[PDB]
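Asks: Sequence, then structure. It's an experimental one.
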2 protein chains.
Amino acid sequence: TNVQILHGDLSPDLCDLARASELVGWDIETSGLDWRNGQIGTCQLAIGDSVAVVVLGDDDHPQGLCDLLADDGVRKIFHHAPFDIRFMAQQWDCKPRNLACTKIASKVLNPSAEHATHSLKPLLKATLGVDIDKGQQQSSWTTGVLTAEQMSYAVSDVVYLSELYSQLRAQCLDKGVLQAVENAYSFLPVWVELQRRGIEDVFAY
Amino acid sequence: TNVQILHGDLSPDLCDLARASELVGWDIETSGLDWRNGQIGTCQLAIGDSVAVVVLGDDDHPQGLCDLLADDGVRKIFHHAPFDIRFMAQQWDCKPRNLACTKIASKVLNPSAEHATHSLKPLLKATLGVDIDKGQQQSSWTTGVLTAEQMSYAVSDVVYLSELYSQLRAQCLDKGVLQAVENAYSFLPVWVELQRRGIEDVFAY
């Protein structure tokens, strides 16, 4: 894994590589859970054998990252895409396209499992035998400065997503639920627009 | 409008006509809002120029209606499909396919409107200039007996759905949101399976 640290936006070279990539792993770190009035601190992208950690500041509107997020020709893989894409769509006024989610896949595969088993850490252990440390999850991500410990945590949160997705995708195919999962993925851009306009669940009364 | 009253299941002639129809309007009446342990009292279907009201009894498992609901080659139009398909999927152990919803279309078109405007009665008035009377909505639908007033209400709840859908579909095309609406429709079979297995919102944490 080739780790790069950036600020303000993704580099043009990595934007180009992302457009040619099969899959782009994506995660964010934030001020908290407040997608409306909070702040994105980092974007971490896994592009090929590279992981890029982009440190963001107050009122950053990264054009390269938003163009990538909005590009329907680039497949983005998240763990719990709803959280990340809602934060980015609202904070950047960005329309995300071509989105996939390992947590949604886990839930469609095993809907009656205990809720905790769908979290990234247990899911990585159960699916790939990979152990990650979530200790820095609740650190302060929005100061424009990263510690080495934060960098390690940020890389670990994104670097396994493409492999996790590929394994979960295979499990969905084996069970005959991949089309169902893909129908959930195709609704994600609609879901987040509804969120921004105040419809919290279009399927509720 | 040619109205027919049936019991137990849809007639074979109407099942055949439904398979050749562009659209099939569908509504149900029930014991209440309890889709898990309640009871379906009627199914009302709009097939061509016909409306069929099928009166159902305790523990009815209508094979013809479930086959139609599960047939991906038959386009069903509901108003608030989530309510109806969840009731039918749970009560009949049926897998619904190829579903559309005038309420979801209304919400994607006008997500910031007052919630009441998405109800069938105001939506029919605003879109088609049609007035319906909802007085019999909260009657007792599960006794195996229908009054003439209940029959009139049941017909009115389904007979305008194909026209309402066509008008809303045109509005979605004009605004450029039809693909978004169709992505919501394609998630409905996944949504209801998740509901039955206890995932109330796969997009929540």
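Replies: Received it, and whenever you're ready, just let me know what you need. Numbers count the residues shown, from 1 in each chain, chains lettered A, B, ... in the order given.

Asks: Next to chain B in this structure, residues from chain A, please.
Replies: Residues of chain A found near chain B (CB under 8 Å from any CB of the partner chain) are A:80, A:82-83, A:104, A:107-108, A:111-112, A:180-181, A:183-184, A:186-191, A:193-194, A:197-199, A:201-205. In this view, the C-beta of every residue, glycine as well, is placed from N, C-alpha and C.

Asks: Any of the residues you listed buried? List them.
Replies: A:80, A:82-83, A:104, A:107-108, A:111, A:180-181, A:183-184, A:186-191, A:193-194, A:199, A:201-203 (16 or more other CB atoms under 10 Å in any protein chain shown).

Asks: bridging residues for the residue nearest the centre of chain A?
Replies: The centroid of chain A falls nearest to residue A:78 when counting by CA atoms, centre = their mean (3.0 Å). According to DSSP bridges, the partner residues bridging residue A:78 are residue A:101.

Asks: Quick check: it touching residue A:101?
Replies: Yes - if you go by CB atoms under 8 Å, residue A:78 and residue A:101 touch, sitting 5.4 Å apart.

Asks: for stretch A:99-119, which positions count as buried?
Replies: Applying 16+ other CB under 10 Å to stretch A:99-119 flags A:99-111, A:113, A:118 as buried.

Asks: returning to that earlier point: separation between the residue nearest to the centre of chain A and chain B?
Replies: The gap separating residue A:78 from chain B is 12 Å, by CB to the nearest CB, to the nearest Å.

Asks: can you check residue A:122 too?
Replies: Computed as CB to the nearest CB, the residue A:122 to chain B distance reads 14 Å.

Asks: surely that residue meets residue A:116?
Replies: Yes - Residue A:122 lies in contact with residue A:116 (CB under 8 Å); the separation is 6.5 Å.

Asks: any idea how far residue A:138 is from chain B?
Replies: Residue A:138 is 15 Å from chain B, by CB to the nearest CB.

Asks: what about that residue, how many neighbours?
Replies: The number of residues packed near residue A:138 is 9, by other CB atoms under 10 Å in any protein chain shown.

Asks: Doesn't it lie inside a strand?
Replies: No - under DSSP: H, G, I helix; E, B strand; the rest coil, residue A:138 sits outside any strand and is assigned coil.

Asks: Can you tell me the SS state at residue A:52?
Replies: strand.

Asks: which residues sit against the lengthiest helix in chain A?
Replies: Of all the segments of type helix in chain A, defined by DSSP state H, the longest one is helix A:178-197. By CB atoms under 8 Å, 6 or more residues apart in numbering or on different chains, the surrounding residues in contact with helix A:178-197 are A:81-82, A:85-86, A:89-90, A:95-97, A:99-101, A:104-105, A:108-109, A:169, A:172, A:200, A:202, B:107-108, B:111-112, B:180-181, B:183-184, B:186-187, B:189-190, B:193, B:202-203.

Asks: For that helix, list the C-alpha coordinates in PDB.
Replies: Extracted as PDB, the C-alpha positions of helix A:178-197 are listed here (Å, rounded to 0.1, in the frame of the first residue of the first chain):
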ATOM      1  CA  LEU A 178     -26.900  -9.600  -5.800                       C
ATOM      2  CA  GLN A 179     -29.600  -8.000  -7.900                       C
ATOM      3  CA  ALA A 180     -31.400  -7.100  -4.700                       C
ATOM      4  CA  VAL A 181     -28.300  -5.500  -3.400                       C
ATOM      5  CA  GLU A 182     -27.700  -3.600  -6.600                       C
ATOM      6  CA  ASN A 183     -31.200  -2.300  -6.500                       C
ATOM      7  CA  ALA A 184     -30.500  -0.900  -3.100                       C
ATOM      8  CA  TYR A 185     -27.300   0.700  -4.500                       C
ATOM      9  CA  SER A 186     -29.200   2.300  -7.400                       C
ATOM     10  CA  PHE A 187     -31.600   4.000  -4.900                       C
ATOM     11  CA  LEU A 188     -28.700   5.600  -3.000                       C
ATOM     12  CA  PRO A 189     -28.600   8.800  -5.100                       C
ATOM     13  CA  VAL A 190     -32.400   9.200  -4.800                       C
ATOM     14  CA  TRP A 191     -32.200   8.500  -1.100                       C
ATOM     15  CA  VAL A 192     -29.700  11.200  -0.400                       C
ATOM     16  CA  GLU A 193     -31.500  13.800  -2.500                       C
ATOM     17  CA  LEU A 194     -34.700  13.000  -0.500                       C
ATOM     18  CA  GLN A 195     -32.700  13.400   2.700                       C
ATOM     19  CA  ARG A 196     -31.500  16.800   1.700                       C
ATOM     20  CA  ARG A 197     -35.100  17.900   0.900                       C
END
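
Asks: Measure how that helix sits relative to helix B:178-197, angle-wise.
Replies: With axes from the mean of the first three to the mean of the last three CA atoms, to 10 degrees defining the directions, helix A:178-197 sits at 110 degrees from helix B:178-197.
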